[PDB]
Amino acid sequence: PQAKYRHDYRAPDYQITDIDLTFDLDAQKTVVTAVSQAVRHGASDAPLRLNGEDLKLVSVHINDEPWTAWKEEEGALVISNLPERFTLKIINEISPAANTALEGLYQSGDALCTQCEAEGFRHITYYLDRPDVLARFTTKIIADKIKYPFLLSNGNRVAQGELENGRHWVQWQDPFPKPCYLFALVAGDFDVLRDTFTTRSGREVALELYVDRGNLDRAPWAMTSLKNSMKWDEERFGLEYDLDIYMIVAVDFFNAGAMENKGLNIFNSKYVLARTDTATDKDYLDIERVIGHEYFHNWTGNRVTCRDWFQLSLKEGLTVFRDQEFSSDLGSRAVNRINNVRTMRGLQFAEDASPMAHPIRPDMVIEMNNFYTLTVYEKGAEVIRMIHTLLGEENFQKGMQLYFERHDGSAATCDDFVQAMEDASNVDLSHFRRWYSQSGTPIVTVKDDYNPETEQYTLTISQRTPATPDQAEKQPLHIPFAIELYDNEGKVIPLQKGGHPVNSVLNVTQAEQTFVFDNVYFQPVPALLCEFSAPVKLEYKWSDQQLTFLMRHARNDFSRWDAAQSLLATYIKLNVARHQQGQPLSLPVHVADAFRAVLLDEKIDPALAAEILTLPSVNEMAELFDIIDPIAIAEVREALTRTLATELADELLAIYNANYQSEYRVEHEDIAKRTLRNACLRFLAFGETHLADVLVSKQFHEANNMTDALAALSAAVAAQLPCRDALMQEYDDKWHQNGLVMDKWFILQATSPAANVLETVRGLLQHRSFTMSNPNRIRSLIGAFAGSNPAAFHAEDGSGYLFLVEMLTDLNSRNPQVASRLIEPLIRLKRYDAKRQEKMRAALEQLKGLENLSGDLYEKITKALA
Ligand code: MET
Ligand code: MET
Ligand code: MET
Ligand code: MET
Ligand code: NA
Ligand code: NA
Ligand code: NA
Ligand code: NA
Ligand code: NA
Ligand code: NA
Ligand code: NA
Ligand code: NA
Ligand SMILES: [Zn+2]
């Protein structure tokens with residue numbers, strides 16, 4: 001399988017303007033008739049090259065003439081000797097029931113549904129399956145009325161009828177030209193939740209949420225979130241919905257999260273279905289985020305789309321930025337920013353240091369479904385946020401407005417978006433564009449000097465990005481480096497130089513530079529890289545007291561959290577080294593006291609307190625090290641938890657009890673209190689065993705909501721408490737029929753610290769709630785083992801690797817996209833010690849030799865083994 005290169009992009013030889021699709025729908029054999037209106041742009045002797053995968057070609061006509069000048073080749077139908085303008089008609093057959101990869105047209109339970117992004121439409125018919133070809137679609141669907149009473153596609157119903165032998169049909173038209181990745185089709189029998197939204201200018205929108213029969217009780221929050229999304233995009237970005245109907249279909253079988261098909265979004269049911277006894281507060285907030293994300297794509301992705309797949313971040317970085325802003329505006333901005341930083345520093349930094357490292361606009365792709373990444377998405381959004389930092393909200397919105405004014409109705413590039421921002425704002429983003437083309441995480445080193453004679457504070461800042469496997473050359477970036485200086489009372493020192501105010505966003509644009517601030521009347525305590533103002537590793541020599549001071553005084557909630565993270569880092573590193581020497585945990589009393597003070601501070605927002613009291617995950621801990629020791633990290637995190645539970649036992653219990661809430665409500669203040677209460681419970685679980693067991697069991701049995709029940713269950717598992725087996729069996733007996741709820745239970749099984757976790761995990765491959773046919777189940781049991789239980793995944797006997805090899809041997813043939821998700825932990829081998837690395841390499845070499853190795857795995861394996 002051959003790599004494609006961004007620099008090889010060229011305008012298409014042919015365009016398709018209009019396409020009329022007919023589906024004679026049947027699970028075993030679907031017949032597709034596609035009538036396309038084509039126009040030649042290239043040379044008169046150029047053939048039309050159509051993409052197609054696993055199609056049975058029945059016929060080819062050009063202006064109703066059965067065509068002879070064509071041939072099929074690998075992945076293609078090549079049609080020669082064409083007029084300049086013509087009607088192409090293809091008839092072909094496909095088999096949705098055989099489609100286990102869930103790309104193209106497939107089955108989800110008894111429903112038929114599609115997933116076309118990135119290159120799935122070519123599994124449906126022979127087409128120009130590239131996103132710079134935009135066409136107006138009309139779609140006729142013919143099916144058995146009893147089995148498929150709802151027949152849905154993009155847009156509005158323009159025709160409908162009934163036929164003999166129990167068949168019926170519906171035809172749909174969507175007036176907006178679209179790339180085929182935005183096509184969708186759904187057929188099935190559903191319950192439907194119906195509502196309305198009226199846009200600010202008065203357009204009335206019918207809202208329709210399709211769910212499996214029996215699930216209406218879990219649909220209102222998603223509907224509410226849709227309306228919230230639509231209102232917010234009007235208030236924040238001045239954007240209204242542009243169609244008459246907004247359909248969302250929740251399907252149980254779906255490889256990713258959800259999909260922005262124009263007017264007909266298709267969602268993994270995990271990001272739709274919630275009731276207070278099935279879904280946690282975090283599930284509610286994730287539903288909100290994802291519903292919003294896909295809605296936001298209506299402008300950032302659909303009204304302006306991507307010229308080619310290398311420009312993916314153009315829609316994904318920007319839409320992720322939008323979802324974050326939506327979440328942050330509606331909820332706790334601090335808690336949002338904190339969690340997005342945790343993901344950046346703990347998961348995305350890992351990718352940027354891996355063999356799969358790529359810039360946010362990639363240069364080289366073998367399998368495009370491998371580039372829906374933390375980098376494209378999350379780092380992408382950090383790049384959009386840097387623009388926002390450099391421009392300010394008002395100029396950023398001017399840029400958005402110019403972007404849509406120039407590019408509405410077309411397929412644009414990352415560079416087009418940057419130019420709109422630069423042109424609208426008059427901020428020069430020439431150097432800034434390097435963030436699109438350079439991979440790896442920059443390291444920003446800061447030295448400081450205070451001159452008591454002149455009352456000047458000097459920062460010397462340097463940057464470099466280490467080489468990555470994809471790029472041997474690196475150059476300095478335009479890094480917006482936000483600072484704040486604090487005096488001995490915790491007041492902000494005005495930034496100024498030579499009698500003039502100085503912006504607190506420093507432009508760090510060279511390998512090394514100095515910044516001098518005047519009238520610095522007291523030796524400052526700096527807050528550096530405020531709000532994580534650029535996606536960089538910060539190297540500054542902090543004292544413990546500078547950090548504890550920030551925890552007490554910093555103006556931005558994020559800064560308080562971040563200071564706590566830097567304080568902990570030092571002692572995580574210390575204790576990993578101690579673990580390797582066989583020694584007990586060591587922690588200065590003044591560090592425990594800083595956390596004691598957070599617990600007792602009444603003026604701190606509980607949302608913030610909770611995050612300060614949530615230790616870095618094992619992923620975030622791993623980023624602190626060059627060579628990862630996954631067993632030390634896991635054991636250190638547990639030991640640190642136990643030490644704090646002991647030292648802060650009284651305070652923990654007091655705050656746990658103070659934050660009790662007898663009413664459950666899905667409201668942000670109430671969520672914050674619960675997160676604080678449950679952060680306390682996590683420590684309490686690891687305290688004295690009998691008190692722990694009682695507290696955890698009681699919370700699980702008395703819980704009136706899944707947030708509180710799961711927090712208790714999860715603590716019973718993490719601390720291996722006596723009640724654990726009974727509680728886990730109770731959850732299974734109650735919830736086994738509900739796959740989404742059992743996903744949480746599979747995650748706890750997968751991530752259990754028990755000595756025999758892998759034996760238990762293999763046993764669960766036969767559990768009544770598990771199936772290898774369902775991506776969510778795979779991810780919750782197998783994925784979570786490999787990716788979130790590094791101590792067990794990286795067991796010294798290599799048993800973790802062998803397990804994953806066996807699962808991937810199945811998944812490579814069944815569902816290569818889920819396979820490629822699950823292989824990611826093996827491709828990190830060079831971060832591990834020699835002996836682990838050798839076993840991981842042997843596992844990768846076994847997978848490299850699979851018969852019919854998928855392109856998805858091949859890409860990753862070849863990079864990892866280089
Ligand atoms: C490759 S699956 C499609 C992902 C979808 N565009 C999203 O943003 O969630
Ligand atoms: C944080 S300002 C102090 C910088 C340095 N320790 C000095 O004494 O100049
Ligand atoms: C929402 S999980 C079920 C929890 C319930 N308190 C029980 O003991 O069964
Ligand atoms: C993670 S709970 C421990 C496993 C449990 N005893 C079981 O067999 O399912
Ligand atoms: Na047709
Ligand atoms: Na077109
Ligand atoms: Na209104
Ligand atoms: Na907010
Ligand atoms: Na968190
Ligand atoms: Na000095
Ligand atoms: Na440091
Ligand atoms: Na099963
Ligand atoms: Zn998206």
# chains A, B, ... in the order shown; residues from 1 in each chain; ligands from 1
>>> residues_around(residues="residue 404 in chain A", least_positions_apart="4", cutoff="9 Å", atoms="only C-alpha atoms", output="VMD selection string")
chain A and resid 299 to 300 303 to 304 399 to 400 408 to 409 420
>>> write_last_selection(atoms="C-alpha atoms", output="PDB file, in the first residue's frame")
ATOM      1  CA  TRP A 299     -20.116  25.635   9.248  1.00  0.00           C
ATOM      2  CA  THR A 300     -16.559  24.517  10.067  1.00  0.00           C
ATOM      3  CA  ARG A 303     -20.364  24.992   4.517  1.00  0.00           C
ATOM      4  CA  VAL A 304     -16.591  25.253   4.159  1.00  0.00           C
ATOM      5  CA  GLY A 399     -11.195  36.404  10.760  1.00  0.00           C
ATOM      6  CA  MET A 400     -13.924  33.772  11.060  1.00  0.00           C
ATOM      7  CA  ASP A 408     -18.480  29.478   1.869  1.00  0.00           C
ATOM      8  CA  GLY A 409     -19.513  26.810  -0.549  1.00  0.00           C
ATOM      9  CA  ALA A 420      -8.249  35.013   6.497  1.00  0.00           C
TER      10      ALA A 420
END
>>> select_by_dssp(residues="range 359-530 of chain A", states="strand (DSSP E)", output="number ranges by chain")
A: 364-365, 410-412, 443-451, 456-464, 479-486, 496-497, 500-501, 505-508, 512-517, 525-528
>>> residues_near_ligand(ligand="ligand 6", cutoff="7 Å", atoms="only C-alpha atoms and all ligand atoms", output="VMD selection string")
chain A and resid 15 to 17 133 to 135
>>> closest_atom_pairs(of="chain A", to="ligand 7", cutoff="12 Å", atoms="only C-alpha atoms and all ligand atoms", output="CSV")
residue,atom,partner,partner_atom_place_in_ligand_line,distance
A:196,CA,ligand 7,1 (Na),11.0
A:197,CA,ligand 7,1 (Na),8.0
A:198,CA,ligand 7,1 (Na),6.3
A:199,CA,ligand 7,1 (Na),6.8
A:200,CA,ligand 7,1 (Na),6.2
A:201,CA,ligand 7,1 (Na),9.3
A:202,CA,ligand 7,1 (Na),8.5
A:203,CA,ligand 7,1 (Na),10.6
A:204,CA,ligand 7,1 (Na),10.6
A:227,CA,ligand 7,1 (Na),10.2
A:228,CA,ligand 7,1 (Na),11.0
A:230,CA,ligand 7,1 (Na),10.5
A:231,CA,ligand 7,1 (Na),8.0
A:232,CA,ligand 7,1 (Na),11.3
A:234,CA,ligand 7,1 (Na),10.4
A:235,CA,ligand 7,1 (Na),10.9
>>> atom_distance(atom1="CA of residue 434 in chain A", atom2="CA of residue 129 in chain A")
29.4 Å
>>> residues_around(residues="residue 545 in chain A", least_positions_apart="5", cutoff="10 Å", atoms="only C-alpha atoms", output="NGL selection string")
:A and (525 or 550-551 or 567 or 590-591 or 594)
